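I have placed the structure first, in the form of structure tokens, so that the comments after it can refer back to it.
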Amino acid sequence: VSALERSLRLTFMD
Amino acid sequence: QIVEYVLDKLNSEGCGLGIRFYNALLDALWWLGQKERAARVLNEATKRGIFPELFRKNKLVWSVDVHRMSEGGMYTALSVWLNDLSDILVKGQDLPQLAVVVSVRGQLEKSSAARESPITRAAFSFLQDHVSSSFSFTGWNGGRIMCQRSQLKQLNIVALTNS
């Protein structure tokens with residue numbers, strides 16, 4: 001789980 | 001108009017036949033040098049109803065789906081998708097967080113087998129030799145080609161001509 005995937009998941013989940 | 005009327009007449013046997021017919025004609029048009037004709041036929045096919053998953057536009061992701069297409073149809077779809085991506089960055093109407101290519105969809109995504117799939121390698125090579133080393137793979141999915149918004153900021157890209 002990279003920071004890129006974490007940021008994408010953060011945006012999509014928000 | 002004769003062509004559009006014959007297409008409308010043919011669009012009555014079912015989407016199952018329509019998708020295969022469009023795959024065949026798009027492959028023929030792409031590999032016979034009729035890239036512009038392939039683009040216009042794909043455009044008239046999209047508003048007809050065939051390939052409903054082809055394009056997605058939103059603040060999150062701009063996507064192109066090619067797993068159901070042939071090699072020729074994928075190239076035509078990629079050619080017009082890259083061109084539409086270049087249309088933005090000319091206006092101040094923001095940019096999606098991600099641009100993706102759904103090369104492989106299904107169980108193969110969570111495996112390294114989809115890495116060597118003909119669709120995946122074909123799409124990757126097309127993107128690499130058209131827009132340089134900007135569209136990289138995904139570190140979490142084995143069948144997607146991704147490009148972050150930062151790499152989109154630095155990004156008519158494909159020349160469509162009739163032979």
Side-chain angles (χ1 to χ4, degrees), chain A, chain B residues 53 55-65 67 81 85 88-89 92-112 114-115 120 123-124 127-128 131-155:
Chain A
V1 184
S2 69
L4 168 64
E5 182 173 352
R6 175 153 47 254
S7 61
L8 292 170
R9 287 192 169 275
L10 198 281
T11 54
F12 276 69
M13 184 65 62
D14 194 0
Chain B
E53 80 291 345
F55 298 138
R56 301 180 63 89
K57 310 295 183 60
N58 48 73
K59 194 101 62 179
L60 295 167
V61 56
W62 282 27
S63 73
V64 48
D65 201 335
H67 71 281
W81 185 66
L85 257 69
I88 199 56
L89 284 76
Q93 269 52 46
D94 304 4
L95 200 61
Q97 298 286 108
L98 192 151
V100 84
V101 179
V102 185
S103 59
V104 169
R105 163 74 183 95
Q107 182 102 347
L108 283 308
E109 304 170 43
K110 46 186 176 182
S111 61
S112 60
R115 305 291 299 187
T120 306
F124 163 70
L127 290 156
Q128 178 56 41
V131 295
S132 177
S133 178
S134 59
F135 273 80
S136 57
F137 286 96
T138 59
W140 52 89
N141 193 283
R144 309 294 168 79
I145 279 77
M146 202 269 300
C147 195
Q148 306 85 348
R149 184 158 64 103
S150 62
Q151 299 184 2
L152 255 71
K153 260 99 68 182
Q154 54 83 20
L155 197 65

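The figures that follow rest on heavy atoms only: side chains count, while hydrogens, waters and symmetry mates do not. Below, read A as the first sequence line, B as the second, and so on, with proteins coming before strands; counting in each chain starts at 1.
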The reported gap from OG in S63(B) to CG in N58(B) (rounded to nearest 0.5 angstrom) is 7.5 Å
Pair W62(B), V100(B) - check side-chain contact (heavy atoms from CB on, under 4.5 Å), show working. CA-CA 6 Å; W62(B) 282 27; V100(B) 84; over 6 Å; no
Whether over 12 other heavy atoms sit under 6.0 Å from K153(B) NZ: yes
Which value, rounded to the nearest 0.5 Å, describes the distance between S111(B) atom OG and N141(B) atom CG? 9.0 Å
With a 4.5 angstrom heavy-atom cut-off, which part of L60(B) approaches chain A: side chain, backbone, both or neither? both
Give me the contact list for residues 101-110 of chain B versus chain A, heavy atoms only, anything under 4.5 Å, ordered by residue number. none
Suppose a student defines contact as a heavy atom less than 4.5 Å from any heavy atom of chain B. Which residues in residues 2-10 of chain A would they list? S2(A), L4(A), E5(A), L8(A)
Relative to each other, are the rings of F135(B) and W81(B) parallel, tilted or perpendicular (30° and 60° limits)? perpendicular
Please enumerate all residues that pass side chain to side chain donor-acceptor pair (under 3.5 Å) together with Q128(B), with sequence neighbours excluded. none
Side-chain touch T120(B)/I145(B), heavy atoms, less than 4.5 angstrom: yes
For the residue pair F124(B) and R115(B), establish whether any side-chain heavy-atom pair is separated by less than 4.5 Å. no
Going from CE on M146(B) to OG on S134(B), what distance comes out if it is rounded to the nearest 0.5 angstrom? 11.0 Å
Can you sort out the partners of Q97(B) under side chain to side chain donor-acceptor pair (under 3.5 Å), two or more places apart, ordered by chain and number? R149(B)
